[PDB]
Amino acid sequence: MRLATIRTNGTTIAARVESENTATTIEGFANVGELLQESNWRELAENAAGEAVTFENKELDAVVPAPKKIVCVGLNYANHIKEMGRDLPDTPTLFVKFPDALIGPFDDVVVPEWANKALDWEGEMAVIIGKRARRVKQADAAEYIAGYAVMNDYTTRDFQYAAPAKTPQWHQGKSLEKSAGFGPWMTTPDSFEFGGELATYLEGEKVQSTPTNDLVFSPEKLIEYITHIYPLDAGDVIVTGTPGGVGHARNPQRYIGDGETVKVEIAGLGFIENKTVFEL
C-alpha cells in the first residue's frame, strides 16, 4: 500500500496512491502523520472513500510533513565504509533534523545567500514509525515500522563542520529549513523488499549508488538502539544513512549550484527530484 500527503483545495489530505498520478482521499486527516496516530490507520487507508484526485508531482507534500522526531544516522552502508578502508562501526551515529527542513518530494529547495556556499546531496531511505516505540527489542521492532520512503538529507557542509572545529556538531548543517525532499509516498513493508538500488543523480549524472540491503544498522537495530534512549512515536522518522559519492568528498570537490536538480531514487519506493534555487 502507498500513502501520500497531497496538496488540494489550498489545504492537504492523506491519500491512498492508486497510480503514479491518481489517489483516493482518506477523509478526516490532513496528512499521513495524522493518519498514523490512529491504531486502525491500515483499515482507514483500505476504506479511503474521499475525493478521487489526479495529481501533478509538485502537488505531493512531504509524506510525513510534521513528525515530532527525525533521527538521522551517519555511516551505515557496509561496502561504502569498507571501500573507505575503515572498520564497521559498532555504535550508530545519531543527529537530529528538525521537521521545518522537510519539503515536498518535487519542491524547489530555495536557499538564502548565507547558506548557498557548500550545498551537498545525501540520498537516503526513511523509516516511518507506525506506533509508539519505547525500549523495543530488535526481534519485535519490525512491528513498529509503518513503511518506507525516500529523503535527501540536504546538507550545508560549511555549517555542518563549523563548531566546535575539532568535533563539529552536524545538526546546524543538517536542518536548513525547507531543504530536505521527502516522499514521494510511504510504501508499507508488505509492498517493499530490501536489495534494490538507492541512487542519487546530480543534473542527470549518477553520483551515489548502493544496494539497500547493505546496512550496518538495520531499521530494527536502529529502533532498538534509539528507543532505549527516548521513545519514537507514530509518524516519527529514522533516516538510515547515505553511501559514498557526496560532493564534499569528490575530486574535484563539487557542491550544488543555482538551478541544479538532485534526484534520489530507491527501486520499489519511487523517487524525489528537488531543484536548488538561490533566493532572489
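Residues carry their position along the shown sequence, with the first being 1.
Stretch with the greater mean C-alpha B-factor as recorded in the entry, comparing 76-84 against 131-139:
Going by the record's values, the stretch with the higher mean is 76-84.
Can you let me know which of the two, 145-153 or 206-214, has the higher average C-alpha B-factor in the entry?
Averaged over C-alpha atoms, the B-factors run higher in 206-214.
Out of 201, 98, 170, 106, which shows the largest CA B-factor listed in the entry?
Comparing C-alpha B-factors across 201, 98, 170, 106, the maximum falls on 201.
Considering only 63, 234, 249, 222, which residue's Cα atom bears the greatest B-factor as recorded?
Largest recorded C-alpha B-factor: 249.
Quick one: classify residue 175 as lowest, middle or highest third of the chain based on its Cα B-factor.
Residue 175: CA B-factor falls in the lowest third of its chain.
Should residue 227 be placed in the lowest, middle or highest third of its chain by the C-alpha B factor in the entry?
Ranked within chain, residue 227 CA B lands in the lowest tercile.
Comparing residue 254 with the other modelled residues of its chain, is its CA B-factor in the lowest, middle or highest third?
Ranked within chain, residue 254 CA B lands in the highest tercile.
Chain thirds of CA B-factor: placement of residue 189:
Tercile = middle for this residue's CA B-factor.
Lowest, middle or highest third: which one holds residue 93 when the chain's residues are ordered by CA B-factor from the entry?
According to the entry, residue 93 has a C-alpha B-factor in the chain's middle third.
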